[PDB]
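# Results of the structural survey
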Amino acid sequence: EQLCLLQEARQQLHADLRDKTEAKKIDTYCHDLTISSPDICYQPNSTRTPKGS
Amino acid sequence: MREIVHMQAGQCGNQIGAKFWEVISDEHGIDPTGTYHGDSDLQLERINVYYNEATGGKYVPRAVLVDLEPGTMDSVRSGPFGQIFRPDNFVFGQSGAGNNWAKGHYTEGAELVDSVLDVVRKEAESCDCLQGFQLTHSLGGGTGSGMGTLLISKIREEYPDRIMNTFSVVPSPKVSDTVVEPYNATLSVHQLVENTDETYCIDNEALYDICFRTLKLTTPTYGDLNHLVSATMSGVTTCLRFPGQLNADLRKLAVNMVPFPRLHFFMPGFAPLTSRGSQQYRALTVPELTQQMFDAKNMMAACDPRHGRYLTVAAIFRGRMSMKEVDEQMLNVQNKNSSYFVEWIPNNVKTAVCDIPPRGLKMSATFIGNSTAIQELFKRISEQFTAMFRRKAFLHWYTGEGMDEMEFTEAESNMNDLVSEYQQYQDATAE
Amino acid sequence: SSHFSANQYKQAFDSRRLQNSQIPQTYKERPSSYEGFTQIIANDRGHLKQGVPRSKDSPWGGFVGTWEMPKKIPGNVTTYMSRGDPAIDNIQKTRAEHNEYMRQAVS
Amino acid sequence: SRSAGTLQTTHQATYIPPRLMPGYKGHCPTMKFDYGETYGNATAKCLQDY
Amino acid sequence: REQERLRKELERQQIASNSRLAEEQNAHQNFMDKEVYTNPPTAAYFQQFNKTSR
Amino acid sequence: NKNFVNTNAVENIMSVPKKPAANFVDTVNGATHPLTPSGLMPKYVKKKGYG
Amino acid sequence: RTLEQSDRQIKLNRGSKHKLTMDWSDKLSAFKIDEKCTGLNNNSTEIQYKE
Amino acid sequence: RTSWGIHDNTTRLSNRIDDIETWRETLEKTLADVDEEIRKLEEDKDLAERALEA
Amino acid sequence: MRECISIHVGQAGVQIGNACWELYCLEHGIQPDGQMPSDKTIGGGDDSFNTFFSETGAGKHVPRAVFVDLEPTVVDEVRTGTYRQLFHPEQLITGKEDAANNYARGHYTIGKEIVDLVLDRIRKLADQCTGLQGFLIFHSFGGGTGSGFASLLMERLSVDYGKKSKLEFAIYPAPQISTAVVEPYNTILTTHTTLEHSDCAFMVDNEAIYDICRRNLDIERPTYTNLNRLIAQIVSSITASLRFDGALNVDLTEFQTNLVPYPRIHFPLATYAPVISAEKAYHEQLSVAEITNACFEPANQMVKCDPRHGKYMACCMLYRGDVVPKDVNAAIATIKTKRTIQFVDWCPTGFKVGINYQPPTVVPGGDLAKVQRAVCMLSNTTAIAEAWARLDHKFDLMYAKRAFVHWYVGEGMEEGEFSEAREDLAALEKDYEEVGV
Amino acid sequence: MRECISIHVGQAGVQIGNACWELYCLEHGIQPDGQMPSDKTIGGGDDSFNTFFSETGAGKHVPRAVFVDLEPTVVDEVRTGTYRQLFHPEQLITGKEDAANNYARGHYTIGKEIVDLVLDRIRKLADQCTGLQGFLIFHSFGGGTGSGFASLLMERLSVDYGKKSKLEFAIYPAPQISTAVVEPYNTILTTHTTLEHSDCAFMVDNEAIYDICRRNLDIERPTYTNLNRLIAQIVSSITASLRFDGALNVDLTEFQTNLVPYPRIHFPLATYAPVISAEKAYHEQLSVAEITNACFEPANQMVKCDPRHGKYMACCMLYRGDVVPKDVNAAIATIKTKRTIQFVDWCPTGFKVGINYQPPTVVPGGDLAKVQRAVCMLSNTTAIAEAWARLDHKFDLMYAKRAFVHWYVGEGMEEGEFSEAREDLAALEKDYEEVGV
Amino acid sequence: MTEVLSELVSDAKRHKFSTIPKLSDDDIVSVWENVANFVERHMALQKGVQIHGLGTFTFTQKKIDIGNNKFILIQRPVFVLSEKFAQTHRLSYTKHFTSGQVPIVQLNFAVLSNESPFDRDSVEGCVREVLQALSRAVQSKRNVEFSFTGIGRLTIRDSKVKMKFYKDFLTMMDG
Ligand SMILES: Nc1nc2c(ncn2[C@@H]2O[C@H](COP(=O)(O)OP(=O)(O)OP(=O)(O)O)[C@@H](O)[C@H]2O)c(=O)[nH]1
Ligand SMILES: Nc1nc2c(ncn2[C@@H]2O[C@H](COP(=O)(O)OP(=O)(O)OP(=O)(O)O)[C@@H](O)[C@H]2O)c(=O)[nH]1
Ligand SMILES: Nc1nc2c(ncn2[C@@H]2O[C@H](COP(=O)(O)OP(=O)(O)O)[C@@H](O)[C@H]2O)c(=O)[nH]1
Ligand SMILES: [Mg+2]
Ligand SMILES: [Mg+2]
């Protein structure tokens, strides 16, 4: 009974940690973006706030 | 936000309603837990018509399951889509019915009706528009007939401005399965004609015939019967849940189909219904759906459309289609078989079009017919009733549970003069 | 309660010119003249005194809601031309019924 | 309790200072300066009333 | 003509500010609908039953 | 053996029209509210003992 | 294996959306260039002797 | 205000990178704590279960 | 300045209003957001849109329409999709219970629930209007809201607004195709109450346009979108002279004066020409005389009443495009010399011409081919007496046994209204007989 | 020297003032701690706050208010809230034990233990201000502190200050919605002693505010916070003429002289227009003509009554923002030419306008929108005769068999006071009828 | 004030268009006498007569449990208005808490036509036209006092319905 709970707590943390590592990948990509970067342009909406924010 | 309260009485009514909520939960993409798992928002706009919000994204059906035998209550709780229902609106008794209309009406069936009406009142004033009440049962047993008619009378006494549509499985004589079913049917048709203002009579022999010819169906059992009944249950209220080119709800169908108040027993149908071997030989076209609606063997009320004259015909289509094609087909049927139509009503067809087909099919159709051929099943019930009332058979049960023979005479006289009213309106000159 | 004219500017201040497509209410244009020492004909309460020619209209004004309008409306023909004599007669009949029911509802 | 978040009145929920007035989901997304805390465990009551 | 253009630009500024306030107010309304005004009972509401044998 | 065609048309001639519901809506979405209790219909100014 | 395939389709979708936003941003900026050009008349104050 | 505007949000993005790492490291250590705890519990599950045939 | 208020009541009215305001936005260059594509100066800067669209302080075009229905499905479908930001949400009135094909439900029940709110929205729009020209009321003579609430609303409009123009666009039940069953009952009861509170009612059925789409457009199975697009073209050709400069301008106050010879005779027909597709217009040289002959042909009529069976009273010809008044005059002269077209003896001057220079716009992905000239043909003829006689025969067949009367009475209308309505249209029927001689 | 003393009696008054001083300090740029920021956001001295805020030696801006209640926790949550440093400590006066919905307990037993202290505090504030212009008493007619102690307080203010103006903001009980059973007793007991000791009492109904928030702001489930924000905007629009600049400005002595015809008919009605949210405020005209048409509307009154079923006496109109006198004039002219409004016979001139320049200030967390125009309309109509007659009927239902009278008898008051209150309000009914005659 | 004798029966007899013009003013009164005896004899055996029309005659059982298998019952016969007629004519019914432990029987045309020298086609019209005439009297705003002789009088004064039960009925139906 306890091993199934300990497995379940591992499964919650691993799904959380997988989100943290590649959210840092997003934020590092935004941090390294500069004025002279070629992947930089006007956006259609940009300043929207998505649902689940 | 017009919305319908569903009630289901007896084993037959409970199984039909379980299949009905299964079908209209597939139509809205709702899992048996209660969450919405669909793809489009069209399945989510009018989800309040049949489902009530719970905490989170849970959708609890607005259904009341009533029975005097707890075994069917356990069966419909533990069967497919049994988790969707609320355990509080599972009011039951632990006595039984015994296929006795007197026991279901004037005895312990009337013990349960207090809690039954409490549950239905809770669901009814949990509303905001409350389109009407929709009941399913059978006129063959005790709880289906007696208790069902008791709920019909009480709900009509409470809210006599709401659309009350009941379906009811009428007994066929060549299916039998009960010896007191003419008594149970005659004692309940009186309450049906007097109180209910929309009735879609369904017959088990017609269902079996549809399964055995139009669907082959080597062993249909009671699953396919309730499946077809659920198809016609969804096809009459599809326009409340989905938008369309020409909308028509239960009140509009009742207005356009019922000429006189005690003239409201219908002949439902569905299309397409294609066998597996003939699946690839068939192309779904609006004339093909119109023909399969206007085919005699496709009927679900054991009447023959050629054996009578239609008064009014409601035709509810589903899917993307052409209004011109629909209108020319529904005019061409009137122009072709004009002899099977009353001439004192021009345009004997109400037409509705909804552009949201069921999951799977691209087009589908639903027939509702206020034919005067509905009198033949009532005549069969009346002749079996007088056959087993000539010698006063099986009356000791009803007199023990508290009825006199005068109630049986009222039931026979009301059924006889209702059939005579059908015959008189059927054999009427134009003007 | 006093829409007492504008002389040169009566061409303006019209309901048609100030975006009021509804029919307008007729106040008394062209003010009159008096002599002086008007009677007080009241008290310090809002009363009308005894012997004053009190009106017979409703103190709360004349207005009818939707659920007390007549079920039938004549239609404001105001023409009485190219119609038959029974048409003229029953148009007068519905006009009289309209006026009577509005008068009864106001009073 | 702490876990249910039920000790907030209507006045404390709505009458927040105007410099931080347009909050999101009943919080202040910019006024937040305490991150990464480890000392403190949530007991059975805290995890049951969450 | 410059006064008319200034009036129209002031109107446009008001529209932009009202659009930001509108998205904030819609977020607040959705927050108060899907949260706050809901009552799902937790385990502590049922824990306080059957905790005494007497 | 009564003539149902005649004995339905008779009360179709001379059955009772019901009084329409004295209520109103204002939300551009429905939301029917009764008008007689409400605040809009004047009845207490009539009363019997207003003065 | 399906998770690593679904991660590829996410980057392909956002890669293709990025190429659209390359083109759409060029249309907005070209719209503003033609926006000031259409408004130029003889009495325009914008106007200039230039090579 | 434009040159300082980019620099202000570059530090805000850099603050969030350090903000995730304060929680990404603690969640990584708890996974090592859970994995060690699972390994210890499976051995002690086996020890009592090997005592069943004893 | 030439403001018009469009009240779309019923499902038919709301769908026709969708197809109308789409064409109006395409004409005036309005996106489905309410904004000009370019700035205030270029690509616009005019004030030609104020007949239909009012302008807020920022430059957002919002329509002068009031969408009314008692069911919520169609109005919510308008509220959520494409033109979701164009239409005003307070001008999208909907209710809970529909009238369910019942004149008396739409007249005394739920129709009377909403009329205060509808008149409030209408008077707000009229206060916005600064030179209002009239009300274009789009409805059907079918069932429910299009009959009962439309008749009640027009009664209230006649009560409060005086003698303002109240032009109906009415979907008349076709002689063979008809959807509802109680449709003759509703049509009798609504024409009885809209005989007096009306100025003019353009009568546009569905079966004639079905035959037109089969024969001239080769669709062979059209739908409500195509039907409402043709109706939108009709109303655009009618209202064009209030927005576009022309040789002969026609305003909304003129149609009653030039199409109503006698009171209670205010039901003219409608026809659009040249309604034809591109692969057929490739082979044609479409000119003024040809499209006038197409208008007077008894197959392009958009109501199934052939003019061979009656006499014309009035004839409004709205020419629209690169049309020349010389060829207009020649075409009308040769129509007058033509004998199959028959005009009544007491009307030597039976024609009224309105010429507008704006070419007929085309909806992208539409049905109609682009042409340089078009005619809105608007005739008041005695051939509609056949349709009135057929509908009265249907009413008498339904009313001899008095089926479907218990619904109306048991939810609130007196049964004497049926008899007085049938008497009113019998008087109308004799009126058409006496006008025809 | 345009100072105003704001008294807030009862729970309703305390919460209304809690939402009100928020809006005042946001308008005047005063921080929640009471310290005005050192330059960089404000210009110069800028002593426009002096009408509501005084200047201590520490630079703190303490308001000219008094929050008085016969209960803890309701003023104590203010003392422990976000404005704990803005209010003086004994400025906020609390009792120990409730009057508890009892006029007798709030007027004869518990009120005469705190009335002396609140009079002393009012005396200190009045001695501090040198241009004392009036009192603003915010209370409710639900009863307890809001009725008994408010009546006692106004009775002592009448003899202490004499002819100084005393405006009231009274939360009148709703017709069908009631949070207390004994509300008719409390309201009719306080509206027998208020009449000879008042000047003008604006009348606000919670159910009407609920309906306004439901049909305009699109909040389907509003809250007392939203209510008190609306009354805060009303009183801000009233007092903006004292703090800000305008074309023609309205003194507090205007509100008695230009609004009440007779000494005991001093119950006018507030109305705010527009009251629209930001989701729909981008999509209307915000014109002064439309906001006048909206404030002259039964669907936008702050009290649940129909003004079309009665005659107006006076209308004090505070136009606030970017308004111009001629568009104001044309709006008033078209209202005077409307049908549904009928003025009373003896009052030719029934309007009094005040044009201000400062636009309304929006709270960032409220429900309203940033607009350039607003109208606070104060209407003295005869439609409150229905409300007074309803109160008299609800009094006569209970008092016919001496229900709930033993509490009032035992708690100081005698039996006859109910009879004199009933006779006084019957005389008020007769006055309201004979004025309309 | 409007009784049942000599006005409603006369209107239902002449009644311009009538199903039953042959039966006399004594006969329509006697068939409602039979209806009254029918309602009496079925309510005596703890049942309730429901007529589609006016309404339903039931009880209000006031059952207080004494203890040791004893109970005191206060019985009161009540007449609940049919809600269809109440909504049609807007009469303010008196709501009565009626339990479902009362068997409910419809009006028995077979019983009313058995001992009568008449038939079903006449006994059905004898109640339908009387309900229609009572509805016409409600339209006419005349004070209706429609009698149920042997039971009580149903009074419609001004938008209100109340039934006064007779003393003998109230003392032999109480149990
Ligand atoms: N030309 C055209 N006619 C339509 C359209 N939709 C509905 N109709 C007509 O409307 C009739 C059906 O009645 P409706 O007008 O829709 O009824 P309603 O106004 O919505 O009121 P209810 O009966 O309560 O639903 C049909 O006979 C059609 O002829 C449409 O989109 N185009
Ligand atoms: N508009 C508005 N009214 C309120 C508010 N809070 C309370 N009320 C009104 O106050 C009435 C009840 O009287 P209270 O103000 O609560 O009581 P009190 O004046 O403090 O006197 P006590 O009853 O002795 O405590 C209710 O009917 C409400 O209408 C509020 O926040 N806004
Ligand atoms: N079509 C159909 N008929 C059924 C079903 N179950 C039972 N019946 C019929 O119902 C009749 C008996 O009714 P019953 O269920 O006993 O009614 P109850 O006593 O109230 O539960 C039998 O003649 C069956 O033919 C079903 O699932 N579908
Ligand atoms: Mg509709
Ligand atoms: Mg309090």
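So, here is what we can say about the structure in this document. (Residues numbered from 1 in each chain as written, not as in the entry; some residues may be left out. Chains lettered and ligands numbered in written order. Part of a larger assembly, values for the part shown. Heavy atoms only, no water. Residues with missing side-chain atoms left out of burial classes, pairs and counts.)

Now for a positive patch on the surface. Taken together, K160(K), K162(K), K164(K) and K167(K) make up a surface patch of like positive charges. Positionally, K160(K) belongs in the loop between β6 (152-156) and β7 (161-165). (Patch = residues over 30% accessible without salt bridge, like charges linked within 9 Å, V, L, I, M, F, W, Y side chains within 5 Å. Areas by Shrake-Rupley, 256 points an atom, 1.4 Å probe, with all protein chains shown as cover. Salt bridge = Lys/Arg side-chain N within 4 Å of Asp/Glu carboxyl O. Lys, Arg positive; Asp, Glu negative; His and termini not counted. Charge placed at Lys NZ, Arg CZ, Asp CG, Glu CD. Helix = DSSP H or I, 4+ residues; strand = E, 2+ residues; numbered from the N terminus.)

With 32 residues of chain J at the interface, the matching set in chain C holds 23 residues. Around 2,500 Å² of area is buried between chain J and chain C when both sides are counted, 53% of it from carbon and sulfur atoms. Counting the contacts that link chain J with chain C gives one salt bridge. Notably, a salt bridge pairs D431(J) with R45(C), separated by 3.2 Å at the nearest N-O pair. Seen at the junction of chain J and chain C, the total is 10 residue pairs in polar contact. Elements with a contribution of two residues or more to the side of chain J that touches chain C: α11 (325-336) and α14 (416-436) of chain J. For the side of chain J that touches chain C, the leading source of residues is α14(J), giving seven residues. (Contact = heavy atoms within 4.5 Å. Buried area = accessible area lost by both parts, 1.4 Å probe. Polar contact = N/O pair within 3.5 Å; in protein donor to acceptor, adjacent residues only side chain to side chain.)

Counting residues at the interface gives 49 residues for chain B and 38 residues for chain I. Summing both sides of the interface, chain B and chain I together bury roughly 4,000 Å²; the carbon and sulfur share of this comes to 54%. Three residues, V255(B), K324(B) and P346(B), lead the burial of chain B against chain I; their summed loss comes to 16% of the area buried on that side. Between the two partners, chain B and chain I, sit four salt bridges. A salt bridge links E97(I) to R162(B); the shortest N-O distance between them is 3.4 Å. Viewed at the interface, chain I and chain B are joined by 23 residue pairs in polar contact. When residues of the side of chain B that touches chain I are traced back to their parent elements, those giving at least two are α11 (250-257), α13 (323-336) and β13 (349-354) of chain B.

Here the focus is helix α5 (residues 145-161) of chain J. Most of α5(J) is tucked away: 13 of the 17 residues are buried. Just past α5(J), the residue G162(J) takes up positive phi, approximately 80°. (Buried < 20%, exposed > 50% of the residue type's maximum accessible area, 1.4 Å probe, protein only.)

Residue and element names in this part refer to chain B. Every one of the 16 residues lining ligand 3 counts as a neighbour, but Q11, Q15, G144, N204 and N226 are closest to it. At 2.8 Å, a backbone N or O of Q11 approaches an oxygen atom of ligand 3. In isolation ligand 3 has 580 Å² of accessible area, and contact with the protein removes 92% of it. Secondary-structure elements contributing two or more residues to the shell around ligand 3 are α1 (10-26), α6 (142-158), α8 (204-213) and α9 (221-235). Here the element with the most residues in the shell around ligand 3 is α1; it accounts for four residues. Here the shell around ligand 3 is composed, by residue class, of four nonpolar, 11 polar and one charged. (Near = heavy atom within 4 Å. Nonpolar A, V, L, I, M, F, W, Y, C, P; charged D, E, K, R; others polar.)

This part covers the packing of aromatic side chains. Residue and element names in this part refer to chain B. One pass over the full model with this rule turns up 83 aromatic pairs over all chains. Summarising the aromatic geometry, the rings of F20 and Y50 are spaced 5.2 Å apart at their centres and angled 75° between planes, so their arrangement reads as edge-to-face. Of this pair, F20 sits in helix α1 while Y50 sits in the loop between α2 (42-45) and β2 (51-53), and the two are 30 residues apart along the sequence. Neither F20 nor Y50 differs from the other in exposure class; each is buried. Ring geometry for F85 versus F90: centroids 6.2 Å apart, planes at 85°, classification edge-to-face. (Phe/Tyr/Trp six-rings, centres within 6.5 Å; stacked < 30°, edge-to-face > 60°.)

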